[PDB]
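Shown next as structure tokens: one chain only, the form deposited in one PDB entry.
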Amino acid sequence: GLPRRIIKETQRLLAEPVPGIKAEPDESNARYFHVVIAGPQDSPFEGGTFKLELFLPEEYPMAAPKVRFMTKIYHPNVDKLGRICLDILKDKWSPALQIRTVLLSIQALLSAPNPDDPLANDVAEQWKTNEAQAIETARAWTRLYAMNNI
């Protein structure tokens, strides 16, 4: 039903979870993963638990997984639909990358938000021009939406 790579990736995610990340396959769809990422220490998301869904497209692993935040989060690299601005620079996705690699990068993005186009992303404008207030807003949203939510 599934290529061995997906089976073995799933097995290793369950037996050897990424620190601060819970990722489990859907019981009715083995290509679908329910993810929780803990807010990193010393980030404005500290103490929060953020739900995400991850889907393995038909073309995986030649195509990257599709990931979205399901929990509201105030972050300059996440848009209003929960899509994430990551993407390996000056190269493309390759089967040398795996699900664990994507999840680690999202968690790293929560510690080190990168700049973004202020246009069509007001969160990026706030992070650039009023970082202390933008961090203050991210903390409030973390308390409101990302606590006691699991």
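In this text, the rigid core denotes the largest set of C-alpha atoms whose superposition between the two forms falls within 1.5 Å. Counting begins at 1, following the sequence as shown. Only residues modelled in both forms are compared.
Here the subject shifts to the form deposited in another entry, a form of this protein not shown in this document.
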Exercise for the section: Considering only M62, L119, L81, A96, single out the residue whose C-alpha is displaced by at least 2 Å between the shown form and the other one after superposing the rigid core. Expected result: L119
Completion exercise
Output row for the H75-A120 CA distance, |change| of 3 angstroms or more in the other entry, reads closer
Problem - Rigid-core superposition between the shown form and the other one, with residue runs of at least 3 whose C-alphas all shift by 2 Å or more - result: 85-87, 116-120
